[PDB]
Amino acid sequence: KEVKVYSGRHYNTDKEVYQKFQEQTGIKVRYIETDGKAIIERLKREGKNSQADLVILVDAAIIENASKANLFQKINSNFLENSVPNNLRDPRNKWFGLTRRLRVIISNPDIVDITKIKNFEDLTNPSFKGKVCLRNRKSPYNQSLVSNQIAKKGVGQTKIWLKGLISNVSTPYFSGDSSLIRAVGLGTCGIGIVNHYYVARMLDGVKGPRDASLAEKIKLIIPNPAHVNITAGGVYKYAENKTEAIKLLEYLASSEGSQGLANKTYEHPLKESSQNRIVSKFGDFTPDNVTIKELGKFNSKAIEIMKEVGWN
Ligand SMILES: [Fe+3]
């Protein structure tokens, strides 16, 4: 018996978690790890001829792309329905959350007054003029953040916040979260918005000594309440090994499985905050209760309003 996993968790960190499932169950895990959008495009092309059993994807926006494209089948599981929090799964049971990431504020306290920064709304302060730096609108992470704001405040109010935010940007858009962390730490940027786990990875020397030194210069602010995003798993629509795909998903969503995946990328497990000493130092967070499904709903409108105010 075997199971074929196509995973968009492209961090090169998760192989060990699949090995523990194999040893306990005797089910062979064939594992492909690449870009999420390459997986979606390949699967649309293959249809019934695909060898995918279980699909793992990063971000609300990519999960919505896969759902729109009809890539998942509904599954029934007492374990999953009674263990994965409602806000972090498909109401129609086609996909399930496995890890939690926060998109946070990073600041250089030698360049800006950090006592003035608590939440996203503060980044429109005119005293931050020229000092705010962003990754481009092509990042699903950024699209899902603007989608978060539309969910709570509606389109009108979100556009006001975006006109204010983009006003304070005077630097070209970055193509990644790690290069924006380097700019904030070097001090060419005073304020950035990035995923918390990139700061943890650089602090722990994963990207070498220079990136570690730059990351020490940064003060990380968790908005209160906090915007939460996820990685998720679902069973492929035409999975051959359906039974084995459900067993592996039940394992990855469990306390052992969710801690295993999360501890590799410095994320939070599903039902508890990270044990990790670097992540714990960032502080406690309270979720804002916007569902992952809602983040997918408002993705199209988020892209249109980012384009309209000039977030490029
Ligand atoms: Fe990432």
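No value in this document is a laboratory result; all are computed from the given coordinates. Positions of Cβ are backbone-derived with ideal geometry, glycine not excepted, and every protein chain shown enters the neighbour counts.
Observations
- If you run the Gaussian network model on the chain, springs between alpha carbon atoms under 10 Å, then out of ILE160, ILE114, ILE246 the most flexible one is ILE160.
- Each of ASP284, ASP204, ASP211 has some number of other Cβ atoms within 10 Å of its Cβ, and from fewest to most they run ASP284, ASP204, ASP211.
- The chain: most fluctuating residue of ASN108, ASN276, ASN82 per GNM, C-alpha cutoff 10 Å: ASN82
- Other residues whose C-beta falls under 14 angstrom from the C-beta of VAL279 contribute a net charge of +2, scoring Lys and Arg +1 and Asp and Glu -1.
- Overall form of segment 1-154 per C-alpha gyration tensor (a/c, 1.5; a/b vs b/c): prolate
- Pairs from the list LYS4/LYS301; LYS94/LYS163; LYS129/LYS219 with a Cα-Cα gap above 29 Å: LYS4/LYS301; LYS94/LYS163.
- Separation of the alpha carbons by more than 23 angstrom is noted, of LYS37/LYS74; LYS242/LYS264; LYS48/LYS138; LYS68/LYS153, for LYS242/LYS264; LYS48/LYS138; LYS68/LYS153.
- Loop-located GluC sites (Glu not before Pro) in segment 272-312 whose Cβ has at most 14 other Cβ within 10 Å (DSSP): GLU272
- Kirkwood Rh (inverse of mean 1/r, distinct Cα pairs), the chain, angstrom: 20.1
- Burial ordering of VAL290, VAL184, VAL132, fewest other beta-carbon atoms within 10 Å first: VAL290, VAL132, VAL184
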